[PDB]
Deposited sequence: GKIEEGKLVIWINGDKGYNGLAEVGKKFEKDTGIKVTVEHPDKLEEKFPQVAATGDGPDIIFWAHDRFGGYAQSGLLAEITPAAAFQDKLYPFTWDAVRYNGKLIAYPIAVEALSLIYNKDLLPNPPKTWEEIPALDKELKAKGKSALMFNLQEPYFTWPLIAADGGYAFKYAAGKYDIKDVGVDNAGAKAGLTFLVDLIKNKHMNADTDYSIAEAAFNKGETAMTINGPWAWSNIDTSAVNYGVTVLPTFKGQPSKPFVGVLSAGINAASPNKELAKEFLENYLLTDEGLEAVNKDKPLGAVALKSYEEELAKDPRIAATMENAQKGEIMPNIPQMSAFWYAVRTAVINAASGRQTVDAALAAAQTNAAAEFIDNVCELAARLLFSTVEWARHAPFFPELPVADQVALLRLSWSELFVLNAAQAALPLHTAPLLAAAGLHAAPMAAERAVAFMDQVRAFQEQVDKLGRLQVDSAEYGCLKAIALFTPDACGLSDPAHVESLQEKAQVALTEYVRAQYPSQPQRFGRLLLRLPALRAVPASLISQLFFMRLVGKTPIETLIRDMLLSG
């Protein structure tokens, strides 16, 4: 449980928590309310864990990307500033903390990565990523390196991966599309390959993290680093005479850093919601409040207009905002944590040499998108049950001996499924590409998609789909069928049914019947293993649908 009559605040450790605690002391002086600031490790993970049980701080500080997830989980109080207060902050910062039309945090500052470089070791920093290797060779002969930045967190490598086309979630019709993820497109592969190539050629070391990079830059051992405004303080106190500039380009295109809005949310379980509102609105979100934090660790371009107008003259803030304008503001959607973990694993494995770039990004694509949050496999699973129940009630099927019923579905279930998948517009262009011999799989996936298209161009209607399913079901090509002749006559009834239908319904297409039948050879060519590989591997593993379908047919 959370204590009433005081404020507990959690903010990351690379931020200026001592400046923020100073604002807390001023708040305590005026109101007598104790304000305790803390900087726990991995608090973006810690907060949802403890807040789920009604515990944690009253106020949480983080970039806006993890707040939509928090609000979905019911962990954040909706904030309600008066219009007069909202007008003090730039509208696009309010957009970053709006979720399902509800403001769920107070925006504080806009932070973006810039190229930080040592002016004494590099008076003119490289405009392109492609210059780095030659620059590193040149500098290595003087005891120094060209570039060192944190390779453990994907925040810092994203700018390059996104430069040529990498993206997380596509912005489409005014909202982010969780179906459309761009982590394994050609551009993302190009960016991550260049990064990995820097490590193979020993221009960078895969083990580098925040501390190694910052120590190296501030000691003068490396000419360049990549970091946000929070890191400027330690360079000020160090010997280095530094600049802040545009990130270099990749393949002629700007690096696209993911822009964060440092935000402060109120715990949904806090009994001090009004106190937190008073603290944030009247004490922190002021020129004086922000300056106290900014003098500890620079916040970036602050959301408070009055104070942003002063800071704006800083060349380093200008560089920060120029890089931000080249990138994109992160989505705040719940799926961002899936994305960030997916890319985290990808960059570490690729940079270590464990996996290849293509393999690493393939897996990140699967994780970030989760089979459209596993909804496609869910639709496919429904179509599978639909397929069995269809056959069971198909005319003349219930009167078959059970061995003949099983034999027919053993061969034809996959064909009926494909007909259902076309009819149901099951998304196949998505190409899950879920591996567990390559072109071959890919060839059959394209043949699967192309056949469904051919069914579309035929404009096969619901009545024809019913007939085609029956014609495929009653096939004498099945094995072990008592009275194969009976099944031939059942297929003929369905054949005649289609003939009578098309002759009446499409008399101007005298060839439609045979045309429709000519789609059946492609139905059988779709292997049942391909259907399992793309939809049911996660659910049934090695087990063959055939066996499972027999169970369904002979369960009841």
> Numbering the deposited sequence from 1, which residue ranges have no coordinates here?
Replying inline: 1, 438-448
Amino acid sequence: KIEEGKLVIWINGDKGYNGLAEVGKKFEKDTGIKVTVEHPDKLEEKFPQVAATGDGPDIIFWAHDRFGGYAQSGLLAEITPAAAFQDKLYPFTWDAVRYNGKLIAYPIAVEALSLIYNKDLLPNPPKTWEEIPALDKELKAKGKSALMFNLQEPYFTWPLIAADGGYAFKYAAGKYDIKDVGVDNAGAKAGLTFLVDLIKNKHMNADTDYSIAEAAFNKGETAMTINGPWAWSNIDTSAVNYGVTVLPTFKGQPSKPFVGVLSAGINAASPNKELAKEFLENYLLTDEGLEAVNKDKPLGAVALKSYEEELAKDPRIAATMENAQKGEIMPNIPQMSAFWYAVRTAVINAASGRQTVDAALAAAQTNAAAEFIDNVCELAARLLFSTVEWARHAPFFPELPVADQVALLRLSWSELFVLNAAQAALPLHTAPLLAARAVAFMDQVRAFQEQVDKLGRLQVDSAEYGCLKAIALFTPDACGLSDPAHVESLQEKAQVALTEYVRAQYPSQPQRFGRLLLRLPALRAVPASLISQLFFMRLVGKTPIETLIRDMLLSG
From here on, numbers count along this sequence of modelled residues.
>> If you average the CA temperature factors as listed in the entry, which stretch comes out higher, 100-108 or 437-445?
In response: 437-445
> Mean C-alpha B-factor higher for 275-283, or for 425-433?
Replying inline: 425-433
> Among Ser263, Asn332, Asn241, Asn227, which carries the highest Cα B-factor?
Replying inline: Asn241
> Going by the deposited entry, which of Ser414, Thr208, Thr80, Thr93 has the highest CA temperature factor?
Replying inline: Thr80
> What third of the chain, by the recorded C-alpha B-factor, contains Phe61?
Replying inline: lowest
> Is the Cα B-factor recorded for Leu520 in the lowest, middle or highest third of its chain?
Replying inline: lowest
> C-alpha B factor of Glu22, ranked within the chain: lowest, middle or highest third?
Replying inline: lowest
>> Ranking every modelled residue in this chain by its Cα temperature factor as given in the entry, which third contains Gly182?
In response: lowest
> If you rank every modelled residue in this chain by C-alpha B factor, which third holds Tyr506: lowest, middle or highest?
Replying inline: highest
